[PDB]
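The block underneath contains the structure these notes are about, expressed in structure tokens.
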Amino acid sequence: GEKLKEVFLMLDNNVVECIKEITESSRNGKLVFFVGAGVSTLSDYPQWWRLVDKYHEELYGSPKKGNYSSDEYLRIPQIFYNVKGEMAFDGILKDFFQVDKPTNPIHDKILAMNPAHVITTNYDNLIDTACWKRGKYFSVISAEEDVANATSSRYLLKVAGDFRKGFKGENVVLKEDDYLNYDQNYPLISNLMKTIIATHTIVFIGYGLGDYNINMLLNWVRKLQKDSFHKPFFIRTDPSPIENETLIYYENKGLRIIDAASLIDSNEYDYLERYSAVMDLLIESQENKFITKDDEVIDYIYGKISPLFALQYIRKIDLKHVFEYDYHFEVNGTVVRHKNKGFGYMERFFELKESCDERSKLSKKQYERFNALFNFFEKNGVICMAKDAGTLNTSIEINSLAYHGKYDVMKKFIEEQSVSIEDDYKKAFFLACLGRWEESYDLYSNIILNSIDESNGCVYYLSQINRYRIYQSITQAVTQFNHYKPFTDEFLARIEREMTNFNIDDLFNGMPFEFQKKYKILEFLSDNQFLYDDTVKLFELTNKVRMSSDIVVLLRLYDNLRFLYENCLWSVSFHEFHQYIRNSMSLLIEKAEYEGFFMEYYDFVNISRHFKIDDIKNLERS
Amino acid sequence: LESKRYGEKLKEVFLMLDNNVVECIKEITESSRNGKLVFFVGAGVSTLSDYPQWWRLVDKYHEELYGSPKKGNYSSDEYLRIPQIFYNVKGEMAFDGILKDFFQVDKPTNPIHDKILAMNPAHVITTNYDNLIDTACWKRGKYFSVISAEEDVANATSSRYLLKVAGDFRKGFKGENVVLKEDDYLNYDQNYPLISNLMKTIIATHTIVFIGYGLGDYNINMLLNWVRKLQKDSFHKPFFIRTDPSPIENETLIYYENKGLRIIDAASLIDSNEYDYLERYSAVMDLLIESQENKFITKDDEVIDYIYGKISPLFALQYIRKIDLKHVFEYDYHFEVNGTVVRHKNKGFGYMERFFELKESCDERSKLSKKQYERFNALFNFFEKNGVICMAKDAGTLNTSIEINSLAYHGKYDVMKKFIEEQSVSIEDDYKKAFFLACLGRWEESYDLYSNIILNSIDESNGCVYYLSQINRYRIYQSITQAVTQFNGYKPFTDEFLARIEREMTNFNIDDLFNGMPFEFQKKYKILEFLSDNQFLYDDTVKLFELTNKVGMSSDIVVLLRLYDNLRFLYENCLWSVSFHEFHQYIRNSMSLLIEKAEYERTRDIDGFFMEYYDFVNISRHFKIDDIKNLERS
């Protein structure tokens with residue numbers, strides 16, 4: 001790990017930017033590995049000039065006096081197939097490919113970046129079984145009815161073919177005319193290959209750089225326009241370092257060559273250390289093992305948090321998810337390491353937070369990032385580390401006019417002119433609180449229509465959710481009430497006409513990767529239920545005693561209700577959250593009865609708001 | 001008014017269909033239910049929603065190029081040319097200006113736009129350049145990531161595209177953005193290559209339903225030349241909703257069916273006038289929608305087949321909860337936990353009611369075909385095994401006895417040791433042996449056995465036993481890892497097997513596992529999606545919150561029978577997920593709150609809960625000692 005650290009610190013600009021692009025192209029889920037023969041060779045799988053030599057032994061009688069070229073690699077099978085036949089051919093493929101080699105380590109490293117598809121030209125089950133054992137189902141395609149029955153979103157496109165539906169010759173591209181009428185006998189695999197190439201990030205692994213198929217792709221990308229496609233990355237693992245004229249030529253043809261010989265010191269047959277040099281330089285890049293200076297610290301945290309600036313409050317739970325469980329955030333505002341196996345970046349963030357001269361020797365842009373992250377983490381309550389956890393209070397400040405009660409201020413705020421879309425979002429929530437639900441529905445409709453054409457569309461999403469939830473409150477409102485007439489029938493036909501079978505599941509999987517990677521945490525708002533984990537810690541309260549747990553569930557109730565009211569979410573007004581406050585406050589009063597529990601203003605509001613009268617009656621008599 | 005006459009009208013139209021059209025509606029219906037549907041709409045869709053047509057703009061071009069309107073009618077090439085002459089004489093600026101003031105006119109959507117989105121299309125490949133299908137998808141709730149140029153293919157975001165083959169006017173009312181002029185249709189394969197390959201890929205993978213198209217339609221001819229280049233039976237034939245006013249001549253239908261289309265004619269389906277387009281489009285679209293909503297089921301054969309199509313998946317499971325049956329019938333019948341059936345969303349033919357009518361009347365099932373009689377016997381043994389007895393109407397005398405016939409739940413260990421030490425004639429016997437090995441502590445052998453079940457049941461259809469061995473492999477992996485984490489860190493497991501499961505069970509994405517199956521474990525066993533979820537008892541926990549939204553079907557029996565549904569589903573299906581934190585706390589909370597409430601309705605006697613064998617086992621098994629201590633003193 002120190003060796004790849006020093007190798008990483010001794011990289012030029014081009015290679016390290018290539019590792020950045022494969023890293024973020026991994027994190028976007030837009031990565032496709034295009035492995036070839038050299039991947040299988042590491043895992044001891046049979047090569048092809050051996051079988052060509054076998055063909056030579058049965059066709060010419062002797063081995064080859066010397067060396068072939070690429071065409072005789074394509075031809076001694078074709079001569080074999082035209083003289084001996086298909087039966088001897090399929091028999092040789094049978095006893096030469098029923099030999100079951102294992103996988104190599106880089107197979108698991110292939111799957112360490114979450115590839116979408118895997119487009120191999122190999123015909124082994126090794127990447128297959130690495131994906132089976134791995135836990136990623138790639139729906140295997142080697143013929144055309146396999147394209148028609150391509151099952152998952154994640155394919156396993158064997159361009160050459162495979163040997164699952166038989167150790168035959170038709171199943172795979174081996175012989176000469178298999179490489180000659182490829183566009184007539186495999187058309188759908190060809191178009192699917194070129195589509196997956198054009199949409200994803202293609203990372204060639206098991207390939208030399210002369211490689212007939214690589215030349216076919218470079219002729220094809222030569223046919224494409226300039227800057228229409230993403231350039232395929234090429235992990236080159238030849239023993240010699242590449243000549244820079246070759247590198248200039250193939251970088252201009254469209255490859256982005258990550259050479260392994262020019263990256264790590266290796267021997268002549270030292271392939272697995274070259275492949276694993278590149279693959280683990282990628283993996284140790286994406287696991288934040290390479291962050292050194294403060295600039296990459298303040299940038300990384302900004303890359304996880306400058307999404308969430310558009311939200312008014314973020315729970316500690318949501319920050320735990322948005323840092324990918326690397327730091328379990330304790331609800332008093334402190335930080336615990338949970339899975340961070342790279343550079344400690346939160347600790348460097350608090351070290352810059354403490355020492356002013358350390359943030360003083362920072363670049364001005366990253367100093368502005370540090371001010372933004374600073375105002376963030378002080379606004380949300382994340383104060384220090386667990387080490388630096390000294391004197392701390394647990395005061396909650398829910399600065400929303402709907403939660404404190406104040407109605408006339410909400411009526412004044414509704415009757416103003418909105419200078420923003422977020423002001424229309426808060427006005428839509430206050431209209432939802434004051435009963436005027438038709439006007440709130442129409443206002444969320446206007447927010448949706450006015451914030452389609454906008455980046456970081458969380459206000460679009462939360463108006464989408466709150467539109468559908470105020471739709472649910474209107475529908476179950478007129479279902480339990482229908483006395484008085486709440487809403488007219490024409491608006492009811494309007495929302496039954498618009499809000500038809502609104503797939504709430506597909507809504508989160510419906511966003512331009514800015515609401516897929518950046519605001520991943522808001523996925524629970526597409527879920528109908530989202531307080532089940534918090535309910536489980538209420539089951540700690542009643543894994544009965546009939547950092548203390550009581551303050552943990554108070555501060556987590558405060559995290560929830562502050563997240564729901566300050567983000568102006570109508571989801572606070574529902575069956576799940578009302579029963580969540582009933583159960584939380586009920587079990588807290590009962591446990592505190594078993595062992596204080598001085599109630600401040602907020603808990604008075606929670607009991608006065610969320611309970612019914614028989615709740616205070618029952619906890620009065622009990 | 002309209003919907004009654006209308007629904008009965010499409011009912012009679014459906015009953016007066018030939019074989020070919022009704023099979024086409026079946027294929028678009030199941031191709032909708034598989035999520036493999038793509039609508040390929042064209043100009044005639046936009047015209048219904050009052051959008052400007054193209055010979056009007058060609059006439060505008062004629063008015064600015066020739067001065068007069070056209071003396072008569074053009075053909076297809078002059079439709080392609082008077083813009084190109086305009087662009088070569090006037091320029092790009094007058095061209096983009098005419099496209100500006102002729103396409104900033106905001107027409108609305110039509111009703112069939114929502115009907116397009118009623119089948120859950122994956123992609124929408126329009127040749128239109130309007131925002132109407134777009135805004136129908138915005139308002140609809142389906143985000144289709146819009147592609148009209150090539151960097152849009154590169155930044156194609158969701159799995160669901162909106163492929164505008166011609167182009168669009170969001171990045172400008174320009175001429176380069178769209179395919180309108182002649183060379184836009186001439187160097188299409190050099191200027192739009194990636195859109196072309198993406199079109200042909202989406203055509204080859206999905207079910208393509210042409211809507212807004214005439215049948216001569218240059219682009220349709222381009223696709224028919226392309227599918228002429230393909231092999232025989234390599235592709236699925238594109239459906240063609242034809243809405244010309246005249247009925248199609250059968251020679252034309254023979255020719256274009258042979259070229260590769262599957263023509264659903266609208267004029268030969270409904271009686272309509274000459275400019276009666278929206279009733280023709282809506283005839284086809286609502287014949288599709290009223291087919292998929294089971295509004296067309298008449299005979300008993302389609303009843304017993306439909307239920308079999310939802311249940312013959314679930315035969316491979318040993319027990320199915322009432323909740324899972326509610327999901328597998330798509331909420332059409334809310335199943336009550338005493339075994340009765342309540343209509344919840346069934347807006348088509350009552351098929352469960354016909355099923356129980358065949359269940360009651362033996363002479364009614366006697367006049368059934370022999371194959372569907374065998375289906376009825378299989379569904380019968382199913383619904384009597386799971387407990388679904390009658391309707392809510394037919395709910396008369398009924399008991400609520402539970403029968404958990406699993407050797408792990410009743411306790412019996414020596415019988416499990418004997419059953420482990422036998423020879424397994426099946427894979428499911430290896431699955432039950434793997435679960436019993438998991439119960440008896442031998443977790444290394446259970447892990448290796450689930451590994452063998454996975455390796456031996458890759459090459460098999462209806463792989464729920466594959467999936468549940470996958471889940472139980474990962475959960476027995478979790479029990480080994482948190483087992484050695486709470487006990488270590490006696491010697492439970494060797495270090496080499498620990499490096500073996502850390503080497504194999506690396507970052508196993510439990511989320512992707514359900515979205516990892518050959519559509520037989522995606523549509524058929526959709527309900528087992530909650531087993532890919534770490535938590536699955538939250539809804540049942542909410543009805544425990546009814547018990548502590550505190551105190552004719554009583555709620556107490558409902559939560560007893562639902563606990564019985566859960567624990568029977570977890571033990572009879574040999575799921576190791578029963579042995580975990582969620583389910584142990586679920587039994588602690590359920591039995592705790594039931595004993596406390598039953599104490600309360602003992603407590604107000606100011607002027608019950610007899611436990612049988614199973615509840616004794618639940619308290620003896622799932623509790624800890626301080627649980628019976630605390631409920632003893634309380």
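Chains: A, B, ... in order of the structure tokens. Residues: from 1 per chain. Ligands: from 1, in order shown.
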
Show me, as number ranges by chain, the residues that have an atom within 12 Å of residue 544 of chain A when counting only C-alpha atoms, minus same-chain residues fewer than 2 positions from it. A: 537-542, 546, 549, 587-588, 590-592, 594-595; B: 585, 588-589, 592, 623-631, 634

Test item: residues at most 10 Å from segment 485-491 of chain A, only C-alpha atoms, excluding those fewer than 5 positions along its chain, as a ChimeraX atom specification: /A:435-438,474,477-478,496-497

Take the residues from that selection and write them out as a CSV table (one decimal), in the first residue's frame, keeping N, CA and C atoms.
```
chain,number,residue,atom,x,y,z
A,435,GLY,N,-54.5,24.3,5.6
A,435,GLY,CA,-55.7,23.7,5.1
A,435,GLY,C,-55.9,24.0,3.6
A,436,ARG,N,-55.4,25.1,3.1
A,436,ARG,CA,-55.6,25.4,1.7
A,436,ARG,C,-54.8,24.5,0.8
A,437,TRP,N,-55.3,23.3,0.5
A,437,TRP,CA,-54.6,22.2,-0.1
A,437,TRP,C,-54.7,22.2,-1.6
A,438,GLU,N,-55.8,22.8,-2.1
A,438,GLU,CA,-55.9,23.0,-3.6
A,438,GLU,C,-54.9,24.0,-4.0
A,474,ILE,N,-55.2,14.8,0.2
A,474,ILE,CA,-56.5,15.2,-0.4
A,474,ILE,C,-57.4,14.0,-0.6
A,477,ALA,N,-58.2,12.4,2.6
A,477,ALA,CA,-59.1,13.4,3.2
A,477,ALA,C,-60.5,13.3,2.7
A,478,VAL,N,-60.7,13.3,1.4
A,478,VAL,CA,-62.1,13.2,0.9
A,478,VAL,C,-62.6,11.8,1.0
A,496,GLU,N,-57.4,13.5,-10.1
A,496,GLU,CA,-57.5,12.2,-10.5
A,496,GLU,C,-57.1,12.0,-11.9
A,497,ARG,N,-57.2,13.1,-12.7
A,497,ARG,CA,-56.7,13.0,-14.1
A,497,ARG,C,-55.2,13.2,-14.2
```

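Our summary of the geometry notes that atom CA of residue 510 of chain A is positioned 21.6 Å from atom CA of residue 150 of chain A.
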
Report as a list in words all protein, DNA and RNA residues lying within 8 Å of segment 287-293 of chain A, evaluated on only C-alpha atoms, omitting residues in the same chain fewer than 5 positions from it. residues 5, 8, 341, 342, 343 and 345 of chain A

Same residues, C-alpha atoms, saved as a PDB file, in the first residue's frame:
```pdb
ATOM      1  CA  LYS A   5       1.210   5.363  -2.532  1.00  0.00           C
ATOM      2  CA  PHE A   8       0.797   7.415  -7.091  1.00  0.00           C
ATOM      3  CA  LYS A 341      -9.765   2.898   5.419  1.00  0.00           C
ATOM      4  CA  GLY A 342      -8.111   5.764   3.569  1.00  0.00           C
ATOM      5  CA  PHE A 343      -7.066   9.262   4.575  1.00  0.00           C
ATOM      6  CA  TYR A 345     -10.479  13.645   5.938  1.00  0.00           C
TER       7      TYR A 345
END
```

Would you give me, as a VMD selection string, the residues in segment 26-232 of chain A that DSSP reads as alpha helix (DSSP H)? chain A and resid 26 to 27 37 to 42 48 to 59 70 to 73 76 to 83 86 to 97 105 to 110 126 to 134 145 to 148 182 to 185 188 to 199 212 to 223

Check which residues of chain A sit at most 6 Å from chain B using only C-alpha atoms, and return one row each with the closest pair of atoms and their distance in Å to one decimal, ordered by chain and rising number, as JSON lines.
```
{"residue": "A:135", "atom": "CA", "partner": "B:508", "partner_atom": "CA", "distance": 5.0}
{"residue": "A:137", "atom": "CA", "partner": "B:516", "partner_atom": "CA", "distance": 4.9}
{"residue": "A:148", "atom": "CA", "partner": "B:205", "partner_atom": "CA", "distance": 5.0}
{"residue": "A:151", "atom": "CA", "partner": "B:518", "partner_atom": "CA", "distance": 4.9}
{"residue": "A:152", "atom": "CA", "partner": "B:516", "partner_atom": "CA", "distance": 5.7}
{"residue": "A:195", "atom": "CA", "partner": "B:198", "partner_atom": "CA", "distance": 6.0}
{"residue": "A:199", "atom": "CA", "partner": "B:154", "partner_atom": "CA", "distance": 4.8}
{"residue": "A:228", "atom": "CA", "partner": "B:151", "partner_atom": "CA", "distance": 5.7}
{"residue": "A:502", "atom": "CA", "partner": "B:141", "partner_atom": "CA", "distance": 5.6}
{"residue": "A:510", "atom": "CA", "partner": "B:143", "partner_atom": "CA", "distance": 4.8}
{"residue": "A:512", "atom": "CA", "partner": "B:157", "partner_atom": "CA", "distance": 5.1}
{"residue": "A:532", "atom": "CA", "partner": "B:538", "partner_atom": "CA", "distance": 5.8}
```

Can you pull out every residue within 8 Å of segment 334-343 of chain B, counting only C-alpha atoms, but drop anything in the same chain fewer than 6 positions away, and send it as a ChimeraX atom specification? /B:322-323,325-326,387-392,395,398-400,558,561-562

Those residues you just picked out, can you put them in a file as a short mmCIF file (atom, residue, chain, number, x, y, z; two decimals), in the first residue's frame with C-alpha atoms?
```cif
data_model
loop_
_atom_site.label_atom_id
_atom_site.label_comp_id
_atom_site.auth_asym_id
_atom_site.auth_seq_id
_atom_site.Cartn_x
_atom_site.Cartn_y
_atom_site.Cartn_z
CA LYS B 322 -51.61 -13.16 2.87
CA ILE B 323 -49.57 -9.97 2.43
CA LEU B 325 -50.61 -12.72 -2.10
CA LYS B 326 -51.96 -9.18 -1.86
CA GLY B 387 -55.50 -20.74 4.10
CA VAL B 388 -57.43 -18.62 1.59
CA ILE B 389 -60.81 -20.25 2.07
CA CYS B 390 -63.66 -18.08 0.73
CA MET B 391 -64.75 -14.53 -0.03
CA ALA B 392 -65.82 -11.94 2.52
CA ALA B 395 -67.23 -15.84 5.25
CA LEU B 398 -64.06 -20.50 10.07
CA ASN B 399 -61.27 -21.38 12.50
CA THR B 400 -57.86 -19.71 12.72
CA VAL B 558 -55.16 -10.00 13.16
CA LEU B 561 -52.49 -14.53 12.59
CA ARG B 562 -50.04 -12.16 10.96
#
```

Any idea what's packed within 6 Å of residue 348 of chain B, counting only C-alpha atoms, ignoring anything in its chain fewer than 2 positions away? Could you give it as a PyMOL selection string? chain B and resi 293-295+346

Can you list, as a PDB file with N, CA and C atoms, in the first residue's frame, every residue of segment 334-578 of chain A that DSSP puts in strand (DSSP E)?
```
ATOM      1  N   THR A 334     -21.098  14.666  17.292  1.00  0.00           N
ATOM      2  CA  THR A 334     -19.716  14.228  17.250  1.00  0.00           C
ATOM      3  C   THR A 334     -19.534  13.175  16.170  1.00  0.00           C
ATOM      4  N   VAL A 335     -18.276  12.869  15.879  1.00  0.00           N
ATOM      5  CA  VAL A 335     -17.903  12.109  14.695  1.00  0.00           C
ATOM      6  C   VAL A 335     -17.125  10.875  15.134  1.00  0.00           C
ATOM      7  N   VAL A 336     -17.565   9.707  14.670  1.00  0.00           N
ATOM      8  CA  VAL A 336     -16.899   8.446  14.972  1.00  0.00           C
ATOM      9  C   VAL A 336     -16.482   7.801  13.659  1.00  0.00           C
ATOM     10  N   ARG A 337     -15.233   7.336  13.584  1.00  0.00           N
ATOM     11  CA  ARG A 337     -14.780   6.569  12.427  1.00  0.00           C
ATOM     12  C   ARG A 337     -15.506   5.236  12.390  1.00  0.00           C
ATOM     13  N   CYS A 384     -17.484  18.528  16.565  1.00  0.00           N
ATOM     14  CA  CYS A 384     -16.101  18.074  16.702  1.00  0.00           C
ATOM     15  C   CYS A 384     -16.052  16.567  16.492  1.00  0.00           C
ATOM     16  N   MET A 385     -14.882  15.988  16.742  1.00  0.00           N
ATOM     17  CA  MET A 385     -14.697  14.547  16.723  1.00  0.00           C
ATOM     18  C   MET A 385     -15.170  13.938  18.038  1.00  0.00           C
TER      19      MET A 385
END
```

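Going from atom CA of residue 60 of chain B over to atom CA of residue 99 of chain B, you cover 10.6 Å.
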